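# Tertiary structure, described
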Amino acid sequence: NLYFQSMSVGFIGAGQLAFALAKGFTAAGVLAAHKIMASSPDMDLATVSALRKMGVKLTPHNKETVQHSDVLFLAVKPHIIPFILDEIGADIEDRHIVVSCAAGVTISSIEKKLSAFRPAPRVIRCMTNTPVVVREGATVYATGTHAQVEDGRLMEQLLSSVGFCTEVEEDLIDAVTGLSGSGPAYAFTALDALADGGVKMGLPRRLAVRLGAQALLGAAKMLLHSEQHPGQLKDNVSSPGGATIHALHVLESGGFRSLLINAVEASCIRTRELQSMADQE
Amino acid sequence: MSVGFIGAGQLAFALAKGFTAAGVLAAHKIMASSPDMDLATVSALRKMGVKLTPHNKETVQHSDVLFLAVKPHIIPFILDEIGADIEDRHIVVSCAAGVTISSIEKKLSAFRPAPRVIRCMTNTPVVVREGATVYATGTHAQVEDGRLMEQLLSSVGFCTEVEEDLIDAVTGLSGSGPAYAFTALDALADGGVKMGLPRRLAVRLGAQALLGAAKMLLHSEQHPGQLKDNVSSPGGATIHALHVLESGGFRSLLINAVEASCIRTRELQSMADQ
Amino acid sequence: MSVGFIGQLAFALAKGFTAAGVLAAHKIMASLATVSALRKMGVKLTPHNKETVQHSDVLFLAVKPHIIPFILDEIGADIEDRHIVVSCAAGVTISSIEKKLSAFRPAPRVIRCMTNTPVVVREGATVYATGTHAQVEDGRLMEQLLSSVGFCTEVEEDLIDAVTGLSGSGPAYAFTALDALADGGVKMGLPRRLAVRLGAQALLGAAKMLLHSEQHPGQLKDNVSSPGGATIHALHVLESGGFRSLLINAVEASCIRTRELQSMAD
Amino acid sequence: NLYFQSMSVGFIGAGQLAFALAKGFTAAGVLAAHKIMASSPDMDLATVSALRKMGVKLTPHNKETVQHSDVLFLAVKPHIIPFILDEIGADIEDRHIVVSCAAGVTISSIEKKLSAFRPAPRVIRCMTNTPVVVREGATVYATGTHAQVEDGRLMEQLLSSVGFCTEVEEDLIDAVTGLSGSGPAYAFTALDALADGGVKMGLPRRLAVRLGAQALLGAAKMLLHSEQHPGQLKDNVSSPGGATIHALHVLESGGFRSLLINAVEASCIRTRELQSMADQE
Amino acid sequence: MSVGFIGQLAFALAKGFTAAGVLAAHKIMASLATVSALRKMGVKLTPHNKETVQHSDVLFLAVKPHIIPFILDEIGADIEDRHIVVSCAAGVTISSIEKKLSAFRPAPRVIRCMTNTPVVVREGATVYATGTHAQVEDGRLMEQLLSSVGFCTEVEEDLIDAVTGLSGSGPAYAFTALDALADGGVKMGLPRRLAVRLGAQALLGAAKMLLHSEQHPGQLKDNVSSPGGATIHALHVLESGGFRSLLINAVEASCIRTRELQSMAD
Ligand SMILES: O=C(O)[C@H]1NCCS1
Ligand SMILES: O=C(O)[C@H]1NCCS1
């Protein structure tokens, strides 16, 4: 609905997240690759080589990225953000929307640094995940103190092109990190294990990987397109005395559900802990 | 071409819905028979354009490809009921759990000598055209029958041919798989709720995370452990979470599940015949 | 019609039936602790199993499973055509009863039933299976009679072992859970009497919500738990101990033991 | 028996507890639905459209609910209760009875906020549960400093129409929260798992759900109508060598009793924690 | 002499004392379920705690631990020099009682006691510690009185928390064990009533053997177990579940909770 074929996007950081978003945005056709600039500390990653081939402009100077861009994604380690903010703070102009993707880093900490330079920085905090690279990401965002109303709409329009996107209150983002931020790693672990189980029972490894991934994708899509509770879908597919209900019993006996709860909790708690350590420093 | 379902349970409904959404045949070319069809399935199928009848004989006479989608122990009764009505044109596709090509051909061969039988292992996500299917061809299935099966089931998801002796393992992996995923998504959502998310949002994010990760793996040549390595930054939230999964033996539980489902399927393969 | 009993479940059904007003207490004859209460109700008592048979139309057998063959050998000559013989003994099959009774008269009308103790407060759960010679109207009569003291439905006989593991043993799972929940309340500072009352009321209310809802139990669970709240914290510690798997283990163990009793008999 | 057919009831919050109480009250016939008003920050909730169909008046303004009501239920999240009190404190009148249903929120905290506006607020604290929707709830309440003796009796009459209700000392309410407040969720978990066990052993899912729920309902009623210890009732069910005592052994081997003790403790401890975190702010 | 009570342990001691014949039931005054039984015995009842103080020489305080300060504030002005105040409240220290009572009269005679419910069958286990102002003859009088309903010995006050974890909570460990042993008997085919009787008789006999033996409990254990036999097989499964460690955990948990109550008070 918004015309942003003239919009320039910059990434500070040229790692996994910058590649994933840039590949997703250009695959969606919402951004031309030549309108994307990325800056990296080391021009020796495979990520910067793939970005170069996409047509993304690459530079070693964070200041160049700032001057080129309208929307500026900060995709660096959480503990690097306060060094980037001190570096680029004077170059932030009124046109800029600063989008922080660093886990744990609060809007208040970013606005505090940038406000020392120019008084009303437009800041958005987001938590996205690597599946944006195949345009099936899960993203949430929260708008900062000086973010205008169209800033949030622009950001939802941009991130919706590469997956699910919705606005949340900032105090939910650490929990989202433990669920959909870390979620793909839980799935990769599960898929590796499911493939081992297929191999134990006689399947070739390549087929077992394909079938397990297709099973997970189809089940996830079923749930997304259904109004039904996941327990109801579980109920619908477990015939009496059959193979599936026998397998569900052995999952329950090992406390499978509790492990996944433990995981979301552990990732969320670590996210809160990393930020608390940063605020102390 | 006409398709029939003997059975109107969840799997027959999912295949009929997926086939119609695929447009590979008009729904008026689909017929389903059940002696006990619930009003919800009858209403949805009828609003779908699928013909309905209580007489399995009418389904057989209507159909070219005949899906047997009933509980395993019901199969011998169906075959004795319809066996005399099986013509040379029919391809009989069995979806019943653990029912062997041998037990079907032995029954049908008493009526007419060369029944064309295919054994199928599919799953419920065919309803959103993202199923995972394998099939094995019987003694008298012509080479064109397997090709026709593969084209048909490819319209509602992944499909490939296997030897019949792998179908029990596939059952434990992609047949039961969606249930493992529904269990995991329920627990992941509980985790999100424990950490402060509304249930509705937690369910959506967990399912989107699973869908995206599975698509990444399907569209990548890299090992799932490599994709996991790419997600986990040093000292970060994800590697902390992976450790608590490892401490509970998460991987072993999923191996246990595939094995338990496969072994139960073999028990159904046996106790059928003995 | 007249009803006869040949125990704990014997008293429960007579108490429930009379409270239901479906049968007058004197049209009921029975054949200890439980025998003192029945006399108060007006239930006729007799030590001779043969007297209960002669005055009854519907005949409940509520004795231990390895005691049925001896009762059938004693009463078998007295079973007339008017009799419906209803066996409540766990694990005793219709086949075993019919085999014994058929030595006397060729077409015994046998029904096998699986009920539970809450019939004494008219909230039982009962299933029944009809035998070879039971008329269609016999199953309907049994459903009407046992519907007066709880839920009742017909099943195939091969499901009764599973029903036994679920609603037959079910009340004992609940009594164990209620004792433990009350201990938890006491640990956190509640008086024992209030803890028992609150825990039982919570279980009763939740069970009634589910029976009166179309929704899945997980959906009702989701409605209790506010984000970050007390309930979701408690649910996590249940999951960490494999709570669900323990209840699956229980239903399985009771079902499998019932099958062993269905076999040891033969 | 106090006369209150013509009194007005308000809910601050239109969530699950407001729906359950409103449904129970109207099904009991003790309140007409048009005498009920509820306010919610979000109107797209399923619970809000259901309240509309019942005839309950819905408003986005908490002030209108106060001015409409005689008895005011606070049925919102615990951590926001302090913002509500600041928002409607000036609109509390001498006629009002404020009934807080929030877990952990103490009478003293409510009275301290409301006393800033008008000196003797009438406050009652209660802990109820969702089965009030089928008129089988379990409710306890404690009366505040300025609650008249008739306010407690009115409270007990009203909540007795939808379940068990009794007065307690306030220092028991956190323990009640872990037992009958969270209790229904323990039962729903148990019923799901019991049905799974029935399905594993060959029952259709719908029958297994019905049988399991009826077993638990009947057992609970037996205990409520018996003077006997639950261990004695357990002994009456368990014939020697039989199916039930075999199942009880596998429950004991998994520490089933300890898990339920752990749950009550965990819910109670979290309830105390929430209030302690609130008082820190 | 006259004795006064200010509950469950209140009834147990009055029942034991009267069965012992050490005190006439009418020389005992007390201040519900338990109050209906005491009236049958002849135990004088009164709602006013001040009346029990005025008619008593030895004064037992059998109320909840956080209730003692309120009782001492009420009766403190009525404590005369003739009084021995015996506190049975778990975790209430001699220091806390003396502090309260010393505000009224300077030298209150206080004894702290740790007893258990089996005093009701005159097989209790009691220890006591004497306070700052208790005369030597007060401890001797208390030992004589409480020896009439079980074992009794003097300890230092700093051992009473540990005693609480062992013989104070001990009977509940035994009731749990007896319930479980009976369930085991029922699982193997015994009727419940016989199983409870046999299990309790086994525990009583073993306990008496140990009390009347000079030998170590392990030596007595060795005498039960024949080589390759049933008992040594059962002992192995106890060891495999860490049975011993569970009982150590219990004594520790009860002792530590008692210390928390000894502190939360202050
Ligand atoms: O916040 C919650 O989890 C509430 N659930 C019922 C008791 S408190
Ligand atoms: O042989 C043994 O272990 C004997 N011990 C007492 C019961 S049998």
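In this document, every chain is numbered from 1 following its sequence as written, which may not correspond to the numbering used in the entry; residues for which no coordinates exist are not shown. Whichever chain is written first is A, and whichever ligand is written first is 1; the rest continue in order. Only some chains of a larger assembly appear here, and every value describes just that portion. The side-chain figures draw on all heavy atoms in the structure; neither hydrogens nor water molecules are used. Residues with missing side-chain atoms are left out of burial classes, side-chain pairs and their counts.

Lines fitted to C-alpha atoms define the axes, with helix axes restricted to the stretch in contact, and inter-axis angles between N-to-C directions lie between 0 and 180 degrees. Working definition: helices are DSSP H or I runs of at least four residues, strands are E runs of at least two. Numbering for both runs from the N terminus. Running from amino to carboxyl end, helix α10 (residues 230-237) of chain A crosses helix α8 (residues 177-194) of chain B at an angle of 160 degrees, the nearest separation of the two axes being 8 Å. Relative to α8 of chain B, α10 of chain A is oriented roughly antiparallel. Considering the relative orientation of α10 of chain A and α8 of chain B, their crossing is left-handed. Residues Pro230, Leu233, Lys234 and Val237 of chain A of α10 of chain A lie in contact with α8 of chain B, whose contacting residues are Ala179, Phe182, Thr183 and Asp186 of chain B. Small angles under 35 degrees read as roughly parallel and large ones over 145 as roughly antiparallel, with 65 to 115 read as roughly perpendicular and the rest as oblique. When the near helix sits turned anticlockwise from the far one by under a right angle, the crossing is termed left-handed; a clockwise turn instead gives a right-handed crossing. Residues count as neighbours in contact if any of their non-hydrogen atoms are within 4.5 Å of one another.

Below, the discussion takes up the sheet that holds strand β7 (residues 131-137) of chain B. Residues and elements named next belong to chain B. Each pair of strands is called paired provided DSSP finds at least two bridges between the two strands. Spatial ordering of the open sheet is given by β3-β2-β1-β4-β5-β6-β7-β8, a layout of eight strands whose pairing is mixed. At either end of the open sheet lies a strand with only one pairing partner, and these are β3 (51-53) and β8 (157-161). The average undirected angle you get between the axes of adjacent strands in this sheet is 25 degrees. Bridging between β7 and β8 involves five bridges; their strand directions are parallel. Its bridge partner lying in β8, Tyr135 is registered against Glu161.

Turning next to the interface of chain D and chain A. With eight residues of chain D in contact, the opposing surface of chain A contributes nine residues. Values labelled buried area give the accessible surface lost by two parts on being combined, using a 1.4 Å probe and summing over both. With both chains or domains summed, chain D and chain A bury close to 750 Å², and 53% of this area falls on carbon and sulfur atoms. When the area that chain D buries against chain A is broken down by residue, the three leading residues are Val199, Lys200 and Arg205 of chain D, summing to 67%. Any carboxyl oxygen of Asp or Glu that lies within 4 Å of a side-chain nitrogen of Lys or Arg is treated as forming a salt bridge with it. At the junction of chain D with chain A, the criterion picks out three salt bridges. The salt bridge involving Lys234 of chain A is made with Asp196 of chain D; its shortest N-O contact spans 3.2 Å.

Let's shift gears to a nonpolar patch on the surface. There is a patch of nonpolar side chains on the surface, built from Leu190, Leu194 and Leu198 of chain E and spanning about 240 Å² of accessible area. Take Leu194 of chain E: its relative accessible area is 40%, and that puts it in the partly exposed class. Each patch is built from residues lacking any salt bridge and having more than 30% relative accessible area; the joining distance is 9 Å for like charges and 5 Å for nonpolar side chains (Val, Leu, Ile, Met, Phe, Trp, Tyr). The accessible surface values rely on the Shrake-Rupley method and a 1.4 Å probe; as for residues, cover is taken only from the protein chains in view. Accessibility here uses a 1.4 Å probe with only protein chains present; expressed as a share of the type maximum, an area under 20% marks a residue as buried, one over 50% as exposed, and anything in between as partly exposed.

Of the residues lining the interface, 96 residues belong to chain C; the matching set on chain D comes to 93 residues. Looking at the side of chain C that touches chain D, the elements that each hand over two or more residues are β7 (124-130), β8 (150-154), α7 (160-168), α8 (170-187), α9 (192-211), α10 (217-224), α11 (230-240) and α12 (243-264) of chain C. Under the grouping applied here, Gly and all other residues not named as nonpolar or charged are polar, the nonpolar ones being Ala, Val, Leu, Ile, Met, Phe, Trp, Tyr, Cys and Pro and the charged ones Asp, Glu, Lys and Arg. When grouped by side-chain class, the residues that make up the side of chain C that touches chain D number 53 nonpolar, 29 polar and 14 charged.

Residue and element names in this part refer to chain B. For chain B, the assigned domains read domain 1 (1-170) and domain 2 (171-273). Residue ranges for the domains originate in an automatic or database domain assignment. Using C-alpha coordinates to define each centre, domain 1 is positioned 30 Å away from domain 2. Each side of the interface is counted separately: domain 1 has 15 residues, and domain 2 has 13 residues. Together domain 1 and domain 2 conceal approximately 1,000 Å² of surface at their shared face, both sides included; 53% is due to carbon and sulfur atoms.

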